[PDB]
J.: 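Submitted below is the structure of interest, expressed as structure tokens.
Note that the numbering runs from 1 along the sequence shown for the chain. When reading the values below, keep in mind they use all heavy atoms of this one structure, side chains included, and skip hydrogens, waters and symmetry mates.
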Amino acid sequence: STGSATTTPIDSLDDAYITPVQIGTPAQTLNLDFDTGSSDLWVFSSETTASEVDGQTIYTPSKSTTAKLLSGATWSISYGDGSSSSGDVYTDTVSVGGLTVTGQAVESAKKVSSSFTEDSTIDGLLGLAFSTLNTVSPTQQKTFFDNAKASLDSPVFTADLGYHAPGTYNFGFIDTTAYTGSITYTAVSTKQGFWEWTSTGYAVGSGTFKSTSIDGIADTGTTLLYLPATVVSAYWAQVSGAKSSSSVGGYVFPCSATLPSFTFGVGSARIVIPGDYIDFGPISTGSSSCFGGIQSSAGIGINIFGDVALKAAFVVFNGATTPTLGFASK
């Protein structure tokens, strides 16, 4: 089997992407944030505290003939941005882009943090990291991908995120028309439950390439590119007037600036992030201070190749027995 679904930015900054997902019978379609940095499929639901629901589409298990309470199971998750959610669990039929999993754990939110309430466009998350990170207790549950894997034509999914435009998540096949040149594959460590890999270095603009190992995660659920402070300082030093602002929470730059590109290494290959991708616009409406798309990972504890980086590439998440990641230009 295969599946193919379009993923669409939630706003004009590409702050996140939503992909329609069919849950239950008859189908209830919710727009979920596909997140390769976590492993829970959770949704706003008829059980979510009413004061914490603001415009989201909810899953109502009592209206699904295939829903079954997973008796005794609860979940609770916190994300790197400090947001959180928790609740109980149903199993139900879940389809993405024509690919169907029966008996998928659908984690129904009883509580969500303010950041989720305030974002009307995201109806929940669909985790695509390794199932060892799943938070369901006392019986850990598998991700949608893990459940689908044995049925897939090939045990892979791909992320093809757009810059200020829709893109695609494919399951079970590699679309050879979706990228240019060749895909370069690189080793993955699953020891922390993430799609963790080592970049071979970086360049700033037309500068020379610095060969240096940068361990990080491929994370579709993180907006920006978070890298070591040394790397980030070298980037922003090439932008007149850029500075790290403690008040704002990272690097800002004059909105009148032209940003250089940023290149990262994948083996001997190179992925170029155009300067425009690094512009996240005024820090507040009307400001002439703009927020940078490359920020320091210092104090996160891990480097994160988030959407800023991933949207510059066609990315293969290879879930074979020995997992790997592939990157191609596009």
Side-chain angles (χ1 to χ4, degrees), residues 9-17 37 79-83 115 161-165 197-242 244-266 269-313 315 327 329-330:
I10 65 165
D11 62 25
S12 64
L13 298 180
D14 298 346
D15 280 316
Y17 298 78
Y79 297 99
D81 69 350
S83 68
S115 173
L161 303 179
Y163 170 65
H164 295 346
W197 64 289
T198 302
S199 173
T200 50
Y202 72 99
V204 175
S206 58
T208 62
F209 188 84
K210 176 70 170 182
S211 294
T212 186
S213 296
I214 304 173
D215 291 344
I217 67 166
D219 187 359
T220 59
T222 289
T223 312
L224 306 184
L225 174 52
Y226 293 90
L227 292 172
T230 49
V231 177
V232 177
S233 182
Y235 179 80
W236 289 109
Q238 297 305 310
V239 181
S240 203
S244 181
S245 167
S246 165
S247 56
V248 175
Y251 282 90
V252 296
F253 68 96
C255 293
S256 62
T258 296
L259 298 178
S261 62
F262 184 88
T263 300
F264 64 93
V266 182
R270 307 288 179 252
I271 299 294
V272 181
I273 306 169
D276 291 340
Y277 288 27
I278 299 157
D279 175 18
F280 279 74
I283 60 173
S284 293
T285 303
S287 177
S288 72
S289 177
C290 275
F291 197 69
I294 296 177
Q295 297 292 345
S296 176
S297 65
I300 293 176
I302 198 149
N303 299 304
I304 306 172
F305 293 87
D307 297 335
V308 164
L310 303 180
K311 75 179 77 168
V315 187
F327 292 82
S329 296
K330 66 188 183 187

J.: Would you compute the distance between atom CG of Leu224 and atom OH of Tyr251 and round it to the nearest 0.5 angstrom?
T.: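 Reported to 0.5 Å precision, the distance equals 14.0 Å.
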J.: Please indicate whether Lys210 has more than 12 foreign heavy atoms, meaning atoms of other residues, nucleotides or ligands, lying under 6.0 Å from its NZ.
T.: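 Atom NZ in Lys210 is not crowded, with 12 or fewer foreign heavy atoms closer than 6.0 Å.
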J.: Does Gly162 offer a backbone N or O that forms a donor-acceptor pair with the side chain of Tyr17 under 3.5 Å?
T.: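 Side chain of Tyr17 to backbone of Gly162: a pair is present.
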J.: Looking only at heavy atoms, what is the nearest atom pair of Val266 and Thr200, with distance?
T.: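 Nearest pair, atom of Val266 first, then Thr200: N-OG1, 3.6 Å.
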J.: Can you confirm whether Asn303 sits close enough to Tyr226 that some side-chain heavy atom of one is under 4.5 Å from a side-chain heavy atom of the other?
T.: no
J.: Is there a side-chain contact between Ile278 and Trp236 (heavy atoms, below 4.5 Å)?
T.: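 In short, these two side chains touch, coming nearer than 4.5 Å.
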J.: Mind listing the closest non-hydrogen atom pair of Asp14 and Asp307 along with its distance?
T.: O-OD2, 4.4 Å
J.: Counting C-beta onward and ignoring hydrogens, is there a side-chain heavy-atom pair between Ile271 and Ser329 closer than 4.5 Å?
T.: yes
J.: Just jot down the ring pair (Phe, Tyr, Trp, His ring centres under 6.0 Å) partners of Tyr202, sequence neighbours excluded, or say none.
T.: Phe262
J.: Got a donor-acceptor contact below 3.5 angstrom from the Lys311 side chain to the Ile273 backbone?
T.: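 Judged by distance alone, no pair lies under 3.5 Å.
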J.: Hey, does the side chain of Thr223 reach the backbone of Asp15 with a donor-acceptor pair shorter than 3.5 angstrom?
T.: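 At least one qualifying donor-acceptor pair exists.
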J.: Do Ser287 and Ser289 have side-chain N/O donor and acceptor atoms under 3.5 Å apart?
T.: no
J.: Quick check: closest heavy atoms across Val252 and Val248, and the distance to 0.1 Å?
T.: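 Looks like CG1-CG1, 3.8 Å.
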J.: Could you pull out the closest heavy-atom pair between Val204 and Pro260, with the gap in Å?
T.: CG1-CG, 4.3 Å
J.: Under 3.5 Å, is there a donor-acceptor pair between the side chain of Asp219 and the main chain of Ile304?
T.: no
J.: Heavy atoms only: give me the nearest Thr263-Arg270 pair and the separation to one decimal.
T.: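 Looking at all heavy atoms of both residues, the closest pair is CG2-CB, 3.8 Å.
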J.: For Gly265, does its backbone N or O pair with a side-chain atom of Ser199 as donor and acceptor, under 3.5 Å?
T.: yes
J.: Rounded to the nearest 0.5 Å, how far does CZ of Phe253 lie from OG of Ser288?
T.: 11.0 Å
J.: Could you report the tightest heavy-atom contact between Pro254 and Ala242, atom names first, then the distance?
T.: CD-N, 4.0 Å
J.: Can you tell me how far the OG1 atom of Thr222 sits from the CD1 atom of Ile302, to the nearest 0.5 Å?
T.: 10.5 Å
J.: Could you note down all residue pairs passing ring pair (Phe, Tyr, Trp, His ring centres under 6.0 Å) where residues 274-313 supplies at least one of them, sequence neighbours left out?
T.: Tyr163-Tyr277, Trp197-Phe305, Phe264-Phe305
J.: Could you check whether any side-chain N or O of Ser297 sits under 3.5 Å from a backbone N or O of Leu227, counting only pairs where one atom can act as donor and the other as acceptor?
T.: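 Yes, because the side chain of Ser297 sits within donor-acceptor range (under 3.5 Å) of the backbone of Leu227.
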